[PDB]
Amino acid sequence: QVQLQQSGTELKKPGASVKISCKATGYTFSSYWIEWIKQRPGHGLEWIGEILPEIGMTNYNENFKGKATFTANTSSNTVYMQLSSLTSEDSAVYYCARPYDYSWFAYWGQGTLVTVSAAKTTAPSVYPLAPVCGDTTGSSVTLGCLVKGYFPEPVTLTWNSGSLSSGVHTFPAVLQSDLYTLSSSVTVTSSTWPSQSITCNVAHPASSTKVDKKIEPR
Amino acid sequence: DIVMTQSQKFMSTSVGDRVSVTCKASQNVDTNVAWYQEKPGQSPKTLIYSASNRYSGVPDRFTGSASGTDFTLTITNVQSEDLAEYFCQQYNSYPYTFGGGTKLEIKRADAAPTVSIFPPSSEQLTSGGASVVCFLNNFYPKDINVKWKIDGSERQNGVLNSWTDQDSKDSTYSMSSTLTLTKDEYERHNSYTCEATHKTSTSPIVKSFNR
Amino acid sequence: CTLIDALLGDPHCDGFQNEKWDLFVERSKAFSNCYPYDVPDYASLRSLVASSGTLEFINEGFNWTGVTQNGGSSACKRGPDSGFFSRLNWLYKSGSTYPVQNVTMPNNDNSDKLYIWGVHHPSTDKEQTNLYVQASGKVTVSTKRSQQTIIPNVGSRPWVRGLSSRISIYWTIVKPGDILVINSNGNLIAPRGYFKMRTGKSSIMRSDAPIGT
Amino acid sequence: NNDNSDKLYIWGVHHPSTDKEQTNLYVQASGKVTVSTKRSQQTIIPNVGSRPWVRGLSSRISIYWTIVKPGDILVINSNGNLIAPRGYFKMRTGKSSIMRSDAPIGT
Ligand SMILES: *[C@@H]1O[C@H](CO)[C@@H](O[C@@H]2O[C@H](CO)[C@@H](O[C@@H]3O[C@H](CO[C@H]4O[C@H](CO)[C@@H](O)[C@H](O)[C@@H]4O)[C@@H](O)[C@H](O[C@H]4O[C@H](CO)[C@@H](O)[C@H](O)[C@@H]4O)[C@@H]3O)[C@H](O)[C@H]2NC(C)=O)[C@H](O)[C@H]1NC(C)=O
Ligand SMILES: *[C@@H]1O[C@H](CO)[C@@H](O[C@@H]2O[C@H](CO)[C@@H](O[C@@H]3O[C@H](CO[C@H]4O[C@H](CO)[C@@H](O)[C@H](O)[C@@H]4O)[C@@H](O)[C@H](O[C@H]4O[C@H](CO)[C@@H](O)[C@H](O)[C@@H]4O)[C@@H]3O)[C@H](O)[C@H]2NC(C)=O)[C@H](O)[C@H]1NC(C)=O
Ligand SMILES: *[C@@H]1O[C@H](CO)[C@@H](O[C@@H]2O[C@H](CO)[C@@H](O)[C@H](O)[C@H]2NC(C)=O)[C@H](O)[C@H]1NC(C)=O
Ligand SMILES: *[C@@H]1O[C@H](CO)[C@@H](O)[C@H](O)[C@H]1NC(C)=O
């Protein structure tokens, strides 16, 4: 099945440069353009340009000339985009996409987040929130997870490694004093807790941190 | 450049009902226009091409149309999984341009904000801070108010509020309110409370705990 | 540099732009660093340019419509980045279309114009469509009394400097009072202007003999 | 060509008499043959149509050649109508030539 695998999240100081990769699998690599799209949180979707891999022909949006450079490795079936002279304006999510054949877009990548600031990487503190000292106020019980004081985005938070999905509410991160904070709640049946094991899994790759916190009763 | 104008930043509809998003090219794109659906946190997915054509695997609910420079994405029988942002693209000529995006929003029956309060954990107090967390879950409409009370006294200092995209299953907003303080200050008082005033009850829904 | 590469504008030859000679000396060590190509009747192009004795190039804007210009490749690298023959303009699709291309260049001047143009032969049909939309391209370059129609042909050729595809080079001479007309539904490698033609004592020789004062 | 000398390849393209004949043989309605080396190429398009009856056939074969120097490579590309080479003829230089004569040879 056709798959476009992009590279990991990136954090970069202003004025530096970054190379994002898009690895194409499941179709003949040379038979299709590769497209690059930028997404900033208030600007929607901007088209960066395209590159046709075999002959390395690059076509850029007039607005990105000099900012962005595409290249292709035909042996590794990979297309690279390089962004230079980075500013905060270039902080966004970057997608690579493959046309159905020559024009409109069919397949997209999972996205690469690029953040630009002079700031230092800070690992989050992860805290269990077990319900208040007391007894069941009903048929279910709600537990939670606090992920505090980190930078940059993103962090990724699951419960029981994904075995709990429904009834999980993860809240968008709020930024306060140049540090991000998010929390998550998971509601389960009075049966399933404390009697079974509830754990929240927080990962923050830019910090090289991964933790699991079981919620213990108070 | 060609501008693709989606004038609706937000659309309101109800499940099972019909909804239309408009996109207007600023000069002739012919019929080459595609519609993509971006759900929260996922990558864009392809809905329509040639302005009228259903991409494979796409439900029959979604239909594109075009008249002149006017393009319309119509969903009939809106489901709850249809909560997302909708982009249109002219692939007619370079540079490829996109529409602003239209976020589809749902209206459902009023629902009560299930409330839960949480006291500071141990690891955090050993760290020197303390954060009282209050979850207000699965309510509607979005408009809500949460008030923090310490020993029965209102407190606005140090509150942090986060609202979520409208839920894709039950179509209800939820929000997390964290209340942060210093360790010594949290030990300086006893009662901690949060009150949620909403449309669903004439009087506040009060959850609270004591040391 | 060989004279033809200097003519076309292969990057490592760009020193030869607008050069003149009585005798052009081609060395055995010469080599081509750009998109792999061929010239039907290479000998004649080589002869007539050698005889004209000048590479002087005069630019002209052609009114091209709804196509991307200045296509390039990694096979022909100008500097760090991708490139192409300096005197040729590689036209391809804009978005979902490659509009048929119909353009005129009158010769109102006092002398003859030498136009160098080309046709692109892609390796695969995919490559054809990715570039030109239409599956079958075509190029007709003509004047009042003469014409050339080249049909590009998709297929594979020996790997050269990265590509299994090719460019075929052609020339058209336009006398004063005549008119150039270029017609393409794609695959056209377009001229950027003309080379001035002169008559005189100029010529070309193959030798490894050192030049000396 | 990894050898010490030049290779002479003789190949051909088949021109059928009717479209039926084209399809009966090659499937595709329009064939094509591209024979090439590093610095040169030939693309022949076969053409369906009738020609004078000769030895039973209104169809024809067109013969072409390609010479491949040592270090070069031959590449043959066809979607059909190709009359393919079986190998190469060795090329030599020397005093050889050809004459048209009805004169008897004698000792
Ligand atoms: C129709 O059929 C032809 C013939 O099979 C195909 O053309 C071949 O395409 C392949 C794939 O790219 C070519 O393979 C490449 O060859 C390059 C040329 O180097 C040659 O020269 C040196 C010196 O003599 C030799 O040592 C070497 O073996 C070659 O003879 C190599 O440089 C390439 O290597 C690069 O990539 C490989 C990974 O693939 C890396 O391991 C290397 O490090 C290096 O970076 C590569 O091997 C091959 O040359 C082509 N053959 C010819 C003669 O044209 C067409 O692809 C096919 N058409 C289709 C689309 O079906
Ligand atoms: C497009 O148009 C052309 C022209 O009409 C058609 O081509 C003709 O095809 C027919 C049918 O096969 C050919 O007819 C055959 O001619 C053979 C050639 O012999 C010639 O030479 C001798 C000596 O000069 C003459 O006496 C004789 O008349 C011929 O001129 C004959 O040998 C064939 O005869 C054999 O078959 C017949 C039965 O059909 C027997 O009676 C005989 O014994 C013998 O076994 C036959 O007559 C004709 O030659 C073609 N014309 C030419 C010049 O090409 C195409 O068919 C047509 N295309 C289509 C498909 O529409
Ligand atoms: C293109 O990708 C290929 C494959 O990943 C790279 O070739 C590799 O090079 C490294 C050392 O430079 C080796 O460790 C690998 O084993 C090589 N792979 C093989 C067998 O070819 C190549 O370096 C890449 N080139 C670019 C564009 O950076
Ligand atoms: C270029 O060609 C177009 C299409 O034929 C024509 O409309 C236009 O007038 C031309 N533009 C200029 C500036 O010559």
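When Cβ neighbours within 10 Å are restricted to other protein chains, what is their mean count per residue of peptide C:153-165?
The shielding value for this peptide is 6.
Give me B:58, C:174 ranked fewest to most by other Cβ atoms within 10 Å of their Cβ, as a rough exposure proxy.
Ordered from fewest to most neighbouring Cβ atoms within 10 Å, B:58, C:174 come out as B:58, C:174.
To the nearest µm²/s, what D does Stokes-Einstein give for chain A at 10 °C and 1.306 mPa s, using the Kirkwood radius over alpha carbon pairs as Rh?
80
Counting other C-beta atoms within 10 Å, and keeping those with at most 13, which DSSP coil trypsin sites (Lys or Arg not before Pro) do you find in region B:9-43?
B:9, B:18
Can you pull the one-decimal nm distance between simple spin-label points at residue B:79 and residue A:175, each 7 Å off the Cα toward Cβ?
3.6
Compute from the Cα atoms of the protein assembly as shown the Rg and the Dmax, the latter being the longest Cα-Cα distance, and quote both in angstrom.
35.6, 135
Among the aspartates and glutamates, which fall within straight-line cross-link reach of residue C:175, defined as a Cα-Cα distance under 15 Å, with same-chain neighbours fewer than 8 residues apart omitted?
Excluding near neighbours in sequence, the set is C:109, C:112.
If each residue's Cβ is checked for other Cβ atoms within 10 Å, how do A:145, C:1 rank with the fewest at the top?
Details: A:145 26, C:1 20.
So the ranking, lowest neighbour count to highest, is C:1, A:145.
Can you work out ³J(HN,Hα) from phi for every residue in region A:4-11, in order, using Karplus 6.51 cos²θ - 1.76 cosθ + 1.60 and θ = phi - 60°, giving whole Hz and x for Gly and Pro?
Per residue, the Karplus-derived 3J(HN,Hα) values read 10, 9, 8, 8, x, 5, 9, 10 Hz.
Ordered by packing density, taken as the mean number of other Cβ atoms within 10 Å over each peptide's residues, highest first, how do A:189-195, D:38-44 rank?
D:38-44, A:189-195
Find the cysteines in chain A that fail to meet the 4.7 Å Cβ criterion with every other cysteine, and list them.
Isolated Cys, chain A: A:133.
Please enumerate, by chain and number, the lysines with C-alpha under 18 Å from the C-alpha of residue B:147, excluding those fewer than 8 residues away in the same chain.
Once the sequence-local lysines are set aside, what remains near residue B:147 is B:199, B:207.
So which chymotrypsin sites (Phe, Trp or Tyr not before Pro) in region C:67-168 pass both tests, a DSSP loop state and at most 16 other Cβ atoms within 10 Å of the Cβ?
Answer in residue order: C:159.
Take the Cα of residue A:89, step 7 Å along the line toward its Cβ, and report every residue of region A:52-66 whose backbone nitrogen sits under 20 Å from that point.
Inside the label zone: A:60-66.
Would you mind computing Rg(Cα) / (2.2 N^0.38 Å) for region B:1-108, counting N as its residues?
After normalising by residue count via 2.2 N^0.38 Å, the value is 1.00.
Ignoring everything except DSSP H segments at least 4 long, calculate the 222 nm mean residue ellipticity for the protein assembly as shown; use -39,500 (n - 2.57) per segment, divide by total residues, nearest 500.
It lands at -1500 deg cm²/dmol.
When the Karplus curve 6.51 cos²θ - 1.76 cosθ + 1.60 is applied with θ = phi - 60°, which whole-Hz ³J(HN,Hα) does each residue of region C:166-174 get, with x for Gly and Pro?
8, 10, 9, 9, 10, 10, 9, 9, 10
Given H placed on each backbone N at 1.01 Å, which residues far from residue C:203 in sequence or on other chains put an amide H within less than 5 Å of it?
Excluding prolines and chain starts, which carry no amide H, the hits are C:23, C:24.
Which pairs in the list A:13/A:214; A:23/C:126; A:38/A:213; A:23/A:67 are over 28 Å apart, alpha-carbon to alpha-carbon?
Working: A:13/A:214 36 Å; A:23/C:126 20 Å; A:38/A:213 35 Å; A:23/A:67 22 Å.
From the list (A:13/A:214; A:23/C:126; A:38/A:213; A:23/A:67), the Cα-Cα distance tops 28 Å for A:13/A:214; A:38/A:213.
Taking every residue in A:31-40, how many Cβ atoms of other protein chains lie within 10 Å of its Cβ, on average?
Mean shielding by partner chains, rounded to a whole number: 2.
Summarise the long-distance tail of P(r) for region B:109-211 by giving the % of C-alpha pairs beyond 22 Å.
Details: 1672 of 5253 pairs.
Counting pairs separated by more than 22 Å, the tail of P(r) holds 32 percent.
Where does each of A:46, A:216 land when they are ranked from fewest to most other beta-carbon atoms within 10 angstrom? If you can, show how the numbers build up before the last one.
Values: A:46 18, A:216 12.
Going from sparsest to densest Cβ surroundings: A:216, A:46.
So how compact is chain B: Cα radius of gyration and Dmax in angstrom?
Rg and Dmax of chain B, Cα atoms, are 23.1, 70 Å.
Work out how much length residue C:21 to residue C:136 would gain on full extension: take 0.36 nm times their residue separation and subtract the Cα-Cα distance, in nm to one decimal.
Fully extending the segment from residue C:21 to residue C:136 adds 37.3 nm.
As an exercise, identify the trypsin sites (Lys or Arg not before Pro) in region A:1-82 lying in DSSP coil whose Cβ has no more than 12 other Cβ atoms within 10 Å. If you can, show how the numbers build up before the last one.
Values: sites: A:12, A:19, A:23, A:38, A:65, A:67; in loops: A:65, A:67.
When the trypsin sites (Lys or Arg not before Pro) of region A:1-82 are filtered for loop state and at most 12 Cβ neighbours within 10 Å, A:65 remain.
In region C:169-191, which residues have a backbone nitrogen under 18 Å from the label point lying 7 Å from residue C:30's Cα in the Cα-to-Cβ direction?
Answer for region C:169-191: C:169-171.
Suppose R0 equals 22 Å. What FRET efficiency, 1/(1 + (r/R0)^6) with r the Cβ-Cβ distance, do residue C:44 and residue C:14 give to the nearest 0.05?
Once the sixth-power term is evaluated, E becomes 0.35.
Over 19 Å apart: what share of the alpha carbon pairs of region A:2-118 falls there, rounded to a whole percent?
For region A:2-118, the share of Cα pairs beyond 19 Å comes to 41 percent.
With everything on Cα atoms, drop me the angle between helix C:42-52 and the longest principal axis of chain C, reported from 0 to 90° to the nearest 10.
50
Through the Karplus equation 6.51 cos²θ - 1.76 cosθ + 1.60, θ set to phi - 60°, convert the phi angles of region C:200-212 into ³J(HN,Hα) values in whole Hz; use x for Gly and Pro.
x, 8, 6, 6, 9, 9, 9, 7, 9, 5, x, 7, x
Across 10 Å bins from 0, what is the distribution of all Cα-Cα pair distances for chain D, in whole percents?
Cα pair-distance distribution for chain D, in percent: 13, 33, 26, 20, 8, 1.
In whole Å, what are the extents of region C:95-212 along the principal axes defined by its C-alpha atoms, from largest to smallest?
49, 43, 23
In chain C, which longest range has no trypsin sites (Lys or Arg not before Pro) that are both DSSP loop (not H, G, I, E or B) and surrounded by at most 13 other Cβ atoms within 10 Å?
It works out to C:30-143.
Which FRET efficiency value, to the nearest 0.05, do you get for residue B:26 and residue A:189 by plugging their Cβ-Cβ distance into 1/(1 + (r/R0)^6) with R0 = 51 Å?
The calculated FRET efficiency here is 0.40.
Calculate log10 I(q)/I(0) of region A:119-218 for q = 0.10 Å⁻¹, where I(q) comes from the Debye formula with a single equal point scatterer on each Cα and nothing for solvent.
So the normalised log intensities work out to -0.28.
Taking every pair of distinct Cα atoms and averaging 1/r, then inverting, what Kirkwood hydrodynamic radius in Å comes out for region C:1-209?
Numbers: mean 1/r = 0.0567 Å⁻¹.
With all distinct Cα pairs of region C:1-209 included, I get 17.6 Å.
With ideal geometry, Cβ positions are generated from the backbone for all residues, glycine too; neighbour counts draw on all protein chains shown. None of the figures in this text is laboratory data; all of them are computed from the coordinates on show.
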